[PDB]
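Just the one chain here, laid out as structure tokens, in the form deposited in one PDB entry.
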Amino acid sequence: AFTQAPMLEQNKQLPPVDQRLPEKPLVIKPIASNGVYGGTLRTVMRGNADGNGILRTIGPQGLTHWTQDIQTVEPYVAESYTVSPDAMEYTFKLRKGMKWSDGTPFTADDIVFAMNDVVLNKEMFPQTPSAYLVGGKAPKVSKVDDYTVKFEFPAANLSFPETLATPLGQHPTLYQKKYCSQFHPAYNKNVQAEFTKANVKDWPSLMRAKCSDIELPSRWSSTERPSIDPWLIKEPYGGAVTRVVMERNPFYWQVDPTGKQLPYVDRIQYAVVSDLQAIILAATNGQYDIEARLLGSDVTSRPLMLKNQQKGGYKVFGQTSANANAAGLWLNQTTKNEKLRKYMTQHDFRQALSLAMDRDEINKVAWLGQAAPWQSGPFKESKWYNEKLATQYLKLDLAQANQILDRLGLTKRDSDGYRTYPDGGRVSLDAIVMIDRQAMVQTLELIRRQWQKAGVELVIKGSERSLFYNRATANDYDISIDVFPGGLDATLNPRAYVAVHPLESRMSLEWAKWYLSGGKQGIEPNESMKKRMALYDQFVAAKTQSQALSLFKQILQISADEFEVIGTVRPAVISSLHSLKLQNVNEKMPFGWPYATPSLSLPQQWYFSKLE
């Protein structure tokens, strides 16, 4: 029938392997070769707020999964699904006999519980996760039979299969009804008895503590939360741990073409290292079997990584980043600086700042000449390419920048030669940056010098990640520097074009708060942004592919016309690495959060062999 890992063969307390697998397990075709059981995968997470490093190692186990070339999705946890002709109704067929990590049957009841008792429960989630909303409206989720679940949306939802393949669309498979119902008042009529032991005082917080959510640290901090993951937490993630250990799921629901129950690798061990420089040192000494998340986006480490391949016994593979920009300037339309805000909100002021920038200098110095000047738009390889959004205002034109600033009335000068506002005060912008992002910090220093020639002061406020995010959510910045997504993943990750992401749409997080709260909170966006938000809701509800294309192209055009965020360079190659002994890593996969890379590569079929 099927075969199993020796470490499970030796555990006589488990059911036979046939009884642990679905009747028809998902058969994984390996990337390169059929594999061998065994070993520990060594990798790394940066500190104690990096739980997505586990998620992007083991992979979200969603109803669908990206293909290796990210051009479409395929049924994953679902055996198959159907779509109604108008794309309003999705029906998923599950794999009969599939089981959770604790041996409990996996059935339609779990998906209906996840959606109706957790995701769509307004006490649990006062704002419903956007992955399941069409025009701010929720689907009707119902059990069709013991292995079939139906989603009925109030409008067409063409993108739902793709959404289900992203990390943020994985709630349907995240909650086992039996275990989680213990912590839910619709099932446990004395759930308050669980509060004290869990250090909580309400049931949504109890659910978060015990059952968790996509990106909560609690997802990886307990050994008793059942899952359908390829490996399971054994040594948990915590506030002060130095390592995390996961071991194979004995009920994993996939086999290779020889009938072997996956995964091949027995164990994953994560070093928990706060200092990014210590991670670089360990990685160049070959301490990690895979590192494809933390070190590759900053090209300043690439020379050292390449140089130490032979000594460390690893191979660098270059990935194409989905991001449009490696280090974009997010200008805050709702800056609390009242004098600056009068200019920040003018298109021509933002144009001037872009024209005063020398992106060739930025590329050659901060990015070792390995990147390329770019603004915020999708790449030419994408159907979403917009020439204006990608390339306007890219060339240094200091004279025109100074001419615009003069025309805006910023002609008075202070004793250091900077421009001032008409009623005094240096024209000065505070830029927040994470201090350990070396290329981003260096980019800001070069921009500071360039803007000085236009009489504008850039104040660089570098900090640890936590203070960077606290400054952002306090609306306490004029500029925030971080990537612009959208080079390849524009509709999956539209934060730079329309203010829909509550932490990262930093042209104004108050605008995003207004969008997500239906106008009850936050700050009213300007007319061009409200129009894009309305177009975005129409796009999600588009009845046809060509209507979707038209609507999102309109969003991108308005974004180009407004020029709200200023790019420096599109990404250099992403330098990832894997040990020479680690087999079946797809070295051609793109890099990005919507595909949870490197887990896109199906880590359950990675394996170890030392081969010539």
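Each residue number is its position in the shown sequence, starting from 1.
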Subject >> 216-224 versus 439-447 - greater average Cα B-factor per the deposited record >> reply: 216-224
Subject >> Between 45-53 and 547-555 (mean CA B-factor, as deposited), the higher >> reply: 45-53
**OP:** Using the temperature factors in the entry, find which of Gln521, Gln351, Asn526, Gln392 has the highest value at its Cα atom.
**Re:** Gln521
Subject >> Identity of residue with top Cα B-factor, from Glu247, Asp478, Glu194, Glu504 >> reply: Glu194
Original post:
Where does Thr597 sit by CA temperature factor within its chain: lowest, middle or highest third?
Top reply: lowest
Original post:
Based on the entry's values, in what third of the chain does the Cα temperature factor of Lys530 lie: lowest, middle or highest?
Top reply: middle
Subject >> For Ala32, the third of its chain into which the C-alpha B factor falls >> reply: highest
**OP:** Select lowest, middle or highest to describe the third in which the CA B-factor of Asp69 falls within its chain in this entry.
**Re:** middle
**OP:** Would you mind ranking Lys380 by its C-alpha B-factor against the rest of the chain and naming the third, lowest, middle or highest?
**Re:** highest
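Just so it is clear, the following notes concern the form deposited in another entry, a form of the same protein that is not shown.
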Original post:
With respect to the change between this form and the one not shown, which of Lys99, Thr320, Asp397, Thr544 is the hinge point between rigid parts?
Top reply: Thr320
Original post:
Once you compare with this form, do the C-alpha atoms of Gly47 and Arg506 lie closer or farther in the other form, given a change of 3 Å or more?
Top reply: farther
**OP:** Relative to what we see here, could you say if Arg506 and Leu133 have their Cα atoms closer or farther apart in the other form, with a change of 3 Å or more?
**Re:** farther
